[PDB]
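As structure tokens, the structure follows; a few thoughts come after it.
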2 protein chains.
Amino acid sequence: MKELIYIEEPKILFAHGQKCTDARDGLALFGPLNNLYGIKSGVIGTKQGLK
Amino acid sequence: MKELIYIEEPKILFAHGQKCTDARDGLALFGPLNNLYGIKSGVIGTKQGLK
């Protein structure tokens, strides 16, 4: 037989120095790294498409 | 002796549809017309000058 070696799943850091393999799970529980006060979004498109 | 008329003071609109001749008083009581979630301020200068 021929050996296959497994690499440990990398961890991505989130807010408060917390680590988690999953991005969605870690982000939903610990939050993002920096504080964005708000997203002032600009919208361009059809008036029907704005709805 | 010559005539001298007076014009009514102009009013400026604030939040909640409220009007006030002054701006400092108008903001101090009613606030601005639109809401900015936050101001992300970037600073360029010396280390001493950032203090």
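Just so it is clear, none of the values below were taken in a lab; they were calculated from the coordinates. Every residue, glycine as well, gets a Cβ built from its backbone with ideal geometry; the counts of neighbours run over all protein chains shown.
Table for the structure above
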{"quantity": "Karplus 3J(HN,Hα) series, Hz, for the stretch A:39-45 with 6.51 cos²θ - 1.76 cosθ + 1.60 (x for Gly, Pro)", "calculated": "10, 6, 8, x, 10, 10, x"}
{"quantity": "Sites matching chymotrypsin sites (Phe, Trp or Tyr not before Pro) across chain B that sit in DSSP coil, with at most 14 neighbouring C-beta atoms within 10 Å", "calculated": "B:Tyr6, B:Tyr37"}
{"quantity": "Rg/Rg_globular for the protein assembly as shown, with Rg_globular taken as 2.2 N^0.38 Å and Rg from C-alpha atoms", "calculated": "2.18"}
{"quantity": "Inter-copy label distances at B:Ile7 (7 Å, Cα→Cβ; nm, one decimal)", "calculated": "7.4"}
{"quantity": "For the stretch A:15-28, 3J(HN,Hα) per residue [Karplus equation, 6.51 cos²θ - 1.76 cosθ + 1.60, θ = phi - 60°, Hz, x = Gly/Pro]", "calculated": "4, 6, x, 8, 10, 7, 5, 7, 6, 5, 5, x, 6, 6"}
{"quantity": "Rough spin-label spacing in nm, given labels placed 7 Å along Cα→Cβ, for A:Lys47 and B:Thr46", "calculated": "5.7 nm"}
{"quantity": "Shielding of A:20-28 by partner chains, average beta-carbon count, 10 Å", "calculated": "0"}
{"quantity": "Per-residue Cβ neighbour rank within 10 angstrom, fewest leading, B:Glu3, A:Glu9", "calculated": "B:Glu3, A:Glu9"}
{"quantity": "Per residue convex hull volume, Cα atoms of chain B, in Å³", "calculated": "190 Å³"}
{"quantity": "Cβ-placed point charges (K, R +1; D, E -1), dipole of chain B about Cα centre in debye, nearest 20", "calculated": "480 debye"}
{"quantity": "Label geometry 7 Å along the beta-carbon vector: B:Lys47 inter-copy distances in nm", "calculated": "5.7"}
{"quantity": "Nearest-to-axis residue of chain B, judged by beta-carbon position, where the axis maps B onto A, in Å", "calculated": "B:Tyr37, 2"}
{"quantity": "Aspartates and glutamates whose Cα lies under 18 Å from that of B:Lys40, excluding same-chain neighbours fewer than 8 positions away", "calculated": "none"}
